[PDB]
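S.K.: Coordinates in final_1.txt, compact mmCIF, C-alpha atoms and all ligand atoms, are listed below.
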```txt
# COMPACT_ATOMS: atom_id res chain seq x y z
CA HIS A 3 -15.42 5.98 18.09
CA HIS A 4 -14.13 5.10 14.62
CA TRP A 5 -11.18 2.87 13.80
CA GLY A 6 -7.61 4.15 13.68
CA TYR A 7 -4.13 3.28 14.89
CA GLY A 8 -4.23 4.26 18.62
CA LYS A 9 -4.39 2.23 21.86
CA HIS A 10 -8.14 2.44 21.95
CA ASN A 11 -9.09 2.03 18.27
CA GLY A 12 -6.06 0.38 16.66
CA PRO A 13 -5.47 -2.95 14.88
CA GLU A 14 -6.22 -5.09 17.95
CA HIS A 15 -9.72 -3.59 18.14
CA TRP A 16 -10.71 -3.80 14.47
CA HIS A 17 -12.23 -7.28 14.68
CA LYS A 18 -15.19 -5.98 16.75
CA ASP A 19 -16.55 -3.91 13.84
CA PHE A 20 -14.90 -6.03 11.11
CA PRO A 21 -14.87 -9.71 12.12
CA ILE A 22 -13.00 -10.62 8.90
CA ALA A 23 -9.99 -9.17 10.76
CA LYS A 24 -9.49 -12.75 12.09
CA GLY A 25 -10.14 -14.31 8.67
CA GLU A 26 -8.25 -16.84 6.61
CA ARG A 27 -6.42 -14.50 4.19
CA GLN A 28 -5.53 -11.35 6.11
CA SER A 29 -2.70 -8.94 5.29
CA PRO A 30 0.02 -7.96 5.84
CA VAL A 31 2.20 -10.98 6.57
CA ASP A 32 5.81 -11.73 7.34
CA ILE A 33 7.62 -12.94 4.25
CA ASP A 34 9.88 -15.77 5.28
CA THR A 35 12.37 -15.70 2.42
CA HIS A 36 13.63 -19.20 3.00
CA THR A 37 10.11 -20.76 2.89
CA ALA A 38 8.89 -18.74 -0.09
CA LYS A 39 9.09 -21.08 -3.06
CA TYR A 40 10.36 -20.04 -6.43
CA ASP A 41 7.56 -20.54 -8.93
CA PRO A 42 9.01 -20.79 -12.48
CA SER A 43 5.45 -20.58 -13.87
CA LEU A 44 5.15 -16.96 -12.64
CA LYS A 45 5.56 -14.37 -15.37
CA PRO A 46 7.46 -11.11 -15.19
CA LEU A 47 5.33 -8.30 -13.91
CA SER A 48 4.06 -5.84 -16.57
CA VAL A 49 3.82 -2.35 -15.09
CA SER A 50 2.59 0.07 -17.77
CA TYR A 51 2.45 3.55 -16.23
CA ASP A 52 3.42 5.68 -19.29
CA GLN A 53 -0.11 7.12 -19.64
CA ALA A 54 -0.94 7.38 -15.89
CA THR A 55 -2.97 10.52 -15.13
CA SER A 56 -2.85 11.65 -11.52
CA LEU A 57 -5.62 13.97 -10.40
CA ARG A 58 -5.52 14.75 -6.72
CA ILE A 59 -3.98 14.05 -3.34
CA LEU A 60 -6.16 13.51 -0.29
CA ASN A 61 -5.52 13.22 3.47
CA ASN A 62 -8.17 10.65 4.42
CA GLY A 63 -7.39 10.67 8.16
CA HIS A 64 -5.24 7.52 8.05
CA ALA A 65 -2.85 8.12 5.07
CA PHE A 66 -2.62 10.29 1.97
CA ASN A 67 -3.90 8.91 -1.31
CA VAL A 68 -2.59 10.02 -4.69
CA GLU A 69 -5.60 9.45 -6.91
CA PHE A 70 -5.62 8.66 -10.62
CA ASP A 71 -8.14 9.02 -13.40
CA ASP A 72 -9.19 5.43 -14.05
CA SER A 73 -11.99 6.28 -16.58
CA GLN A 74 -9.85 4.87 -19.42
CA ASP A 75 -7.47 1.96 -19.84
CA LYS A 76 -4.20 3.75 -19.17
CA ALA A 77 -2.00 2.77 -16.24
CA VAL A 78 -2.23 -1.02 -15.93
CA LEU A 79 -0.67 -3.86 -14.06
CA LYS A 80 -0.75 -7.30 -15.61
CA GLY A 81 1.29 -10.46 -15.87
CA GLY A 82 3.05 -11.82 -12.82
CA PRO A 83 0.50 -13.96 -10.95
CA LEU A 84 -2.43 -12.03 -12.44
CA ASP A 85 -5.07 -13.14 -14.92
CA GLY A 86 -6.31 -10.16 -16.88
CA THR A 87 -5.73 -6.47 -16.47
CA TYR A 88 -5.79 -4.31 -13.37
CA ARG A 89 -6.12 -0.53 -13.54
CA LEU A 90 -4.28 1.88 -11.22
CA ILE A 91 -6.64 3.92 -9.03
CA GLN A 92 -4.48 5.26 -6.19
CA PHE A 93 -1.27 4.93 -4.28
CA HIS A 94 -0.49 5.59 -0.64
CA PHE A 95 2.08 4.80 2.03
CA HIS A 96 2.34 3.41 5.54
CA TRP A 97 5.12 4.68 7.79
CA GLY A 98 6.53 4.83 11.28
CA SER A 99 7.25 7.28 14.06
CA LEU A 100 10.91 6.18 13.75
CA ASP A 101 12.98 4.80 10.84
CA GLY A 102 13.00 1.35 12.51
CA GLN A 103 9.34 0.63 11.80
CA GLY A 104 6.60 1.57 9.38
CA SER A 105 6.24 -1.21 6.84
CA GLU A 106 3.24 -3.52 6.91
CA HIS A 107 4.87 -6.53 5.28
CA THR A 108 8.10 -7.66 6.89
CA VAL A 109 10.94 -9.71 5.39
CA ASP A 110 12.31 -12.34 7.79
CA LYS A 111 10.79 -10.07 10.51
CA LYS A 112 12.67 -7.02 9.18
CA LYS A 113 10.55 -3.84 9.33
CA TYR A 114 11.26 -1.14 6.75
CA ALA A 115 10.82 2.60 7.38
CA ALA A 116 7.77 2.72 5.11
CA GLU A 117 5.82 0.84 2.46
CA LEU A 118 4.26 2.17 -0.73
CA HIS A 119 1.03 0.54 -2.04
CA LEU A 120 -0.12 1.02 -5.65
CA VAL A 121 -3.72 -0.13 -5.73
CA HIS A 122 -5.22 -1.57 -8.97
CA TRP A 123 -8.66 -3.03 -9.73
CA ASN A 124 -9.55 -5.91 -12.04
CA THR A 125 -11.21 -4.45 -15.11
CA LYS A 126 -13.44 -7.53 -15.53
CA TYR A 127 -15.54 -6.17 -12.62
CA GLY A 128 -16.21 -2.80 -14.26
CA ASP A 129 -15.31 -0.53 -11.34
CA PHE A 130 -13.40 -0.28 -8.07
CA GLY A 131 -16.40 -0.69 -5.79
CA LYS A 132 -17.57 -3.89 -7.45
CA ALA A 133 -14.03 -5.27 -7.65
CA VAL A 134 -13.47 -5.17 -3.86
CA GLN A 135 -16.39 -7.62 -3.48
CA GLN A 136 -14.43 -10.28 -5.40
CA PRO A 137 -11.54 -12.52 -4.29
CA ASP A 138 -9.47 -11.48 -7.29
CA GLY A 139 -10.74 -7.90 -7.41
CA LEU A 140 -7.58 -5.98 -6.52
CA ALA A 141 -3.87 -6.20 -7.14
CA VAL A 142 -1.71 -4.19 -4.78
CA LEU A 143 1.92 -3.63 -5.67
CA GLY A 144 3.92 -3.16 -2.47
CA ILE A 145 7.33 -1.47 -2.41
CA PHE A 146 9.49 -1.08 0.69
CA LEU A 147 11.19 2.20 1.60
CA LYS A 148 14.51 2.43 3.44
CA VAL A 149 16.18 5.64 4.55
CA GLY A 150 19.34 6.58 2.64
CA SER A 151 19.62 8.56 -0.60
CA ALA A 152 16.68 10.74 -1.61
CA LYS A 153 14.22 9.46 -4.19
CA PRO A 154 13.96 12.38 -6.63
CA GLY A 155 10.65 11.06 -8.04
CA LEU A 156 9.08 11.30 -4.57
CA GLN A 157 9.84 14.97 -3.91
CA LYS A 158 6.75 16.35 -5.69
CA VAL A 159 4.62 14.28 -3.29
CA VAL A 160 6.64 15.42 -0.24
CA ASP A 161 6.29 19.08 -1.21
CA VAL A 162 2.49 19.04 -1.50
CA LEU A 163 1.96 17.53 2.00
CA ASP A 164 2.01 20.96 3.68
CA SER A 165 -1.26 21.73 1.85
CA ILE A 166 -3.07 18.58 3.10
CA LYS A 167 -1.95 18.52 6.70
CA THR A 168 -5.28 17.46 8.20
CA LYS A 169 -8.03 14.92 7.59
CA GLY A 170 -10.34 15.81 4.71
CA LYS A 171 -7.96 18.19 2.96
CA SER A 172 -7.21 17.60 -0.69
CA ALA A 173 -5.12 19.30 -3.35
CA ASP A 174 -4.89 19.16 -7.12
CA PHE A 175 -2.05 16.83 -8.06
CA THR A 176 -1.78 16.41 -11.81
CA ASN A 177 0.94 15.03 -14.04
CA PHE A 178 2.65 13.00 -11.31
CA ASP A 179 4.54 10.05 -12.80
CA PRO A 180 4.53 6.98 -10.56
CA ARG A 181 7.33 5.35 -12.58
CA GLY A 182 9.65 7.53 -10.48
CA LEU A 183 8.74 5.52 -7.37
CA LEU A 184 9.80 2.07 -8.73
CA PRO A 185 13.03 0.23 -7.94
CA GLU A 186 15.23 -1.19 -10.76
CA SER A 187 14.15 -4.79 -10.28
CA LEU A 188 10.61 -6.17 -10.51
CA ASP A 189 11.49 -9.42 -8.66
CA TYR A 190 8.55 -10.07 -6.32
CA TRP A 191 6.82 -12.25 -3.79
CA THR A 192 3.09 -12.90 -4.16
CA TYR A 193 0.28 -14.26 -1.99
CA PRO A 194 -3.52 -13.93 -1.63
CA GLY A 195 -4.64 -11.47 1.05
CA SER A 196 -6.70 -8.49 2.05
CA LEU A 197 -6.96 -4.77 2.52
CA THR A 198 -4.81 -3.80 5.50
CA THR A 199 -7.30 -1.32 6.92
CA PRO A 200 -11.00 -1.69 7.65
CA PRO A 201 -13.10 -3.01 5.97
CA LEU A 202 -10.27 -5.60 5.63
CA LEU A 203 -11.86 -7.21 2.56
CA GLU A 204 -10.25 -10.43 1.31
CA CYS A 205 -10.02 -9.20 -2.28
CA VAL A 206 -6.28 -8.62 -2.90
CA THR A 207 -3.53 -10.37 -4.82
CA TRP A 208 -0.46 -8.97 -3.12
CA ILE A 209 2.69 -8.44 -5.20
CA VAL A 210 5.56 -7.24 -2.96
CA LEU A 211 8.81 -6.19 -4.66
CA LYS A 212 12.05 -7.56 -3.21
CA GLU A 213 14.10 -4.43 -3.96
CA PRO A 214 13.39 -1.47 -1.67
CA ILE A 215 13.59 2.14 -2.81
CA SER A 216 15.73 4.57 -0.88
CA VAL A 217 14.24 7.83 0.36
CA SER A 218 16.00 10.47 2.45
CA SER A 219 15.50 11.02 6.15
CA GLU A 220 14.10 14.48 5.28
CA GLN A 221 11.53 12.99 2.91
CA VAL A 222 10.14 10.55 5.48
CA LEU A 223 10.29 13.22 8.22
CA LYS A 224 7.83 15.23 6.15
CA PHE A 225 5.39 12.29 6.04
CA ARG A 226 5.52 12.38 9.86
CA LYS A 227 4.32 16.02 9.97
CA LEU A 228 0.91 15.08 8.64
CA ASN A 229 -2.05 14.82 11.00
CA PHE A 230 -4.65 12.09 11.63
CA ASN A 231 -7.04 14.74 13.00
CA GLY A 232 -9.11 17.33 11.15
CA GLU A 233 -8.34 21.08 11.19
CA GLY A 234 -9.18 22.63 14.56
CA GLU A 235 -8.95 19.31 16.45
CA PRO A 236 -6.25 18.15 18.87
CA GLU A 237 -3.08 17.48 16.87
CA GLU A 238 -2.27 13.78 16.48
CA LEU A 239 0.76 13.20 14.25
CA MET A 240 0.10 10.78 11.38
CA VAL A 241 2.70 8.15 12.30
CA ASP A 242 2.58 4.37 12.77
CA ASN A 243 -0.30 3.89 10.36
CA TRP A 244 0.73 0.27 9.70
CA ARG A 245 -1.04 -2.95 10.61
CA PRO A 246 1.27 -5.64 12.10
CA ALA A 247 1.87 -8.97 10.37
CA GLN A 248 -1.11 -11.37 10.52
CA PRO A 249 -1.13 -15.16 10.63
CA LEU A 250 -0.26 -16.78 7.30
CA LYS A 251 -2.70 -19.66 7.93
CA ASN A 252 -3.25 -21.90 4.90
CA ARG A 253 -1.29 -19.81 2.40
CA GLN A 254 1.88 -20.03 0.36
CA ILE A 255 4.08 -17.12 -0.55
CA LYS A 256 5.55 -17.57 -4.05
CA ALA A 257 8.74 -15.96 -5.35
CA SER A 258 9.24 -14.83 -8.92
CA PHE A 259 13.04 -15.26 -8.66
CA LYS A 260 15.65 -17.83 -7.65
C1 LIG B 1 -13.92 -0.92 0.32
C2 LIG B 1 -13.70 0.50 -0.20
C3 LIG B 1 -15.08 1.13 -0.51
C4 LIG B 1 -15.59 1.44 0.92
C5 LIG B 1 -14.35 1.64 1.83
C6 LIG B 1 -13.17 1.51 0.86
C7 LIG B 1 -11.76 1.15 1.32
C8 LIG B 1 -11.21 2.09 2.38
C9 LIG B 1 -9.93 1.46 2.95
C10 LIG B 1 -8.97 1.03 1.87
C11 LIG B 1 -7.63 0.82 2.26
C12 LIG B 1 -6.68 0.41 1.36
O1 LIG B 1 -5.39 0.31 1.85
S1 LIG B 1 -4.50 -1.06 1.45
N1 LIG B 1 -3.34 -0.89 2.43
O2 LIG B 1 -5.31 -2.14 1.75
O3 LIG B 1 -4.11 -0.93 0.09
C13 LIG B 1 -7.04 0.25 0.01
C14 LIG B 1 -8.37 0.44 -0.36
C15 LIG B 1 -9.37 0.81 0.55
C16 LIG B 1 -10.80 1.08 0.11
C17 LIG B 1 -11.31 0.20 -1.01
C18 LIG B 1 -12.78 0.46 -1.39
ZN ZN B 2 -1.79 0.27 2.09
```
Could you render the structure as structure tokens?

M.R.:
Amino acid sequence: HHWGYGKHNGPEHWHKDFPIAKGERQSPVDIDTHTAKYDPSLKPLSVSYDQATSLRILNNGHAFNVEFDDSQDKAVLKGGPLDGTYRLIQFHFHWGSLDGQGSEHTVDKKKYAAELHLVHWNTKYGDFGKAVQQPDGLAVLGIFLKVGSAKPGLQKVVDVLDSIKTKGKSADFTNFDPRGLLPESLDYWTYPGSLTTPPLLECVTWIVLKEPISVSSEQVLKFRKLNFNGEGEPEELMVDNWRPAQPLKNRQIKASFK
């Protein structure tokens, strides 16, 4: 009886195995745009993905992860609210059963169709596993998806999903350029939080871009054909793999822009 997104093992149950679920810096949160304060001391984000080397795509039973070779200092996030350099390890999405829901963060309670997370680890901790044990170990860049025009840079991801339908399937996925998933603007909100799935570790500086990307209805429909289950198990569509907004508690959301 492992965690997931259903009635019996979903977000409202997670605290039993992972008590930090009710902790002081849980994610996601609602971003109240009027209360978020402009912080003129924040720097522009530096997203340097020119040398990013993707390796593989994996259905892990909750989402699909596009994994990167992080053995060298290549694809890095720095600047913004961050001290030091954070290395890209994977990206993944959260999405809905319908276009009206799917994002984890919300903006004045608005839910987007999906949300992309580019996960990076602080190089001062040497590797990913050690970084998640630290309060500044990860930086996750969050990008909202709305349904409209297709995102051409997403289609290579969409087309490989047929080959990783079920939990535990992976496929080679080289030479994928994550710069094709970014909006024009790097205006962002930032706050201290957590992983949004178990083990819910409070190790993340969240950087959430204001500008959504547009993807087509057909692109997101293909996300919804994936399966939570393994091959030869009852088919459970991989939809609504988002955690709802959590209490903000004693935190401030800062804006990079006026
Ligand atoms: C803690 C860990 C090692 C043991 C288990 C591992 C978890 C699994 C769940 C998870 C979900 C995420 O999604 S998100 N949405 O927070 O970016 C991002 C990262 C991890 C990793 C990080 C590394
Ligand atoms: Zn995520």

S.K.: From the list A:189, A:110, A:72, A:19, which residue is nearest residue 35 in chain A when using all atoms listed in the file?

M.R.: A:110

S.K.: Could you list as a PyMOL selection string every residue that has an atom within 10 Å of (-0.4, 16.3, 2.6), using the file's coordinates and counting all atoms listed in the file?

M.R.: chain A and resi 59-62+65-68+159-169+171-173+224-225+227-229

S.K.: Closest to residue 113 in chain A among A:152, A:188, A:33, A:57, using all atoms listed in the file?

M.R.: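 Of the candidates, the smallest distance to residue 113 in chain A is held by A:33.
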
S.K.: Residues within 9 Å of ligand LIG 1 (chain B), counting only C-alpha atoms and all ligand atoms: report them as a VMD selection string.

M.R.: chain A and resid 29 to 30 65 92 to 96 106 118 to 121 130 to 135 140 to 144 196 to 203 206 244 to 245

S.K.: Within 8 Å of (-1.1, -14.0, -10.6), in the coordinates the file gives, what residues turn up when you count only C-alpha atoms, written out as an MDAnalysis selection string?

M.R.: chainID A and resid 44 81:85 192 207

S.K.: Looking at only C-alpha atoms, which of A:101, A:138, A:52, A:41 is the one that sits closest to residue 86 in chain A?

M.R.: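 Ranked by minimum distance to residue 86 in chain A, first place goes to A:138.
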
S.K.: Nearest to ligand ZN 2 (chain B): which of A:116, A:239, A:149, A:257 is it, counting only C-alpha atoms and all ligand atoms?

M.R.: A:116

S.K.: Return the single residue from A:98, A:180, A:236, A:6 that is closest to residue 51 in chain A, with distances computed using only C-alpha atoms.

M.R.: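 Closest candidate: A:180.
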
S.K.: Rank nothing, just name the residue among A:124, A:177, A:56, A:105 nearest to ligand ZN 2 (chain B), using all atoms listed in the file.

M.R.: A:105

S.K.: What's the 7 Å shell around residue 150 in chain A, counting all atoms listed in the file, without same-chain residues fewer than 3 positions away, as a compact mmCIF listing (two decimals) with C-alpha atoms, keeping the file's coordinate frame?

M.R.:
```
# COMPACT_ATOMS: atom_id res chain seq x y z
CA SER A 216 15.73 4.57 -0.88
CA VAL A 217 14.24 7.83 0.36
CA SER A 218 16.00 10.47 2.45
CA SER A 219 15.50 11.02 6.15
```

S.K.: Separation of CA of residue 248 in chain A and CA of residue 32 in chain A, in Å?

M.R.: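 A separation of 7.6 Å between them.
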
S.K.: Could you state the separation of CA of residue 102 in chain A and CA of residue 23 in chain A in Å, given to one decimal place?

M.R.: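 Separating CA of residue 102 in chain A from CA of residue 23 in chain A is a distance of 25.3 Å.
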
S.K.: What's the separation between CA of residue 104 in chain A and CA of residue 55 in chain A, in Å to one decimal place?

M.R.: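 If I compute the distance from CA of residue 104 in chain A to CA of residue 55 in chain A, I get 27.8 Å.
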
S.K.: Might you pull out every residue within 12 Å of residue 5 in chain A, with only C-alpha atoms counted and same-chain residues fewer than 3 positions away left off, and present them as a PyMOL selection string?

M.R.: chain A and resi 8-20+63-64+199-202+230+243
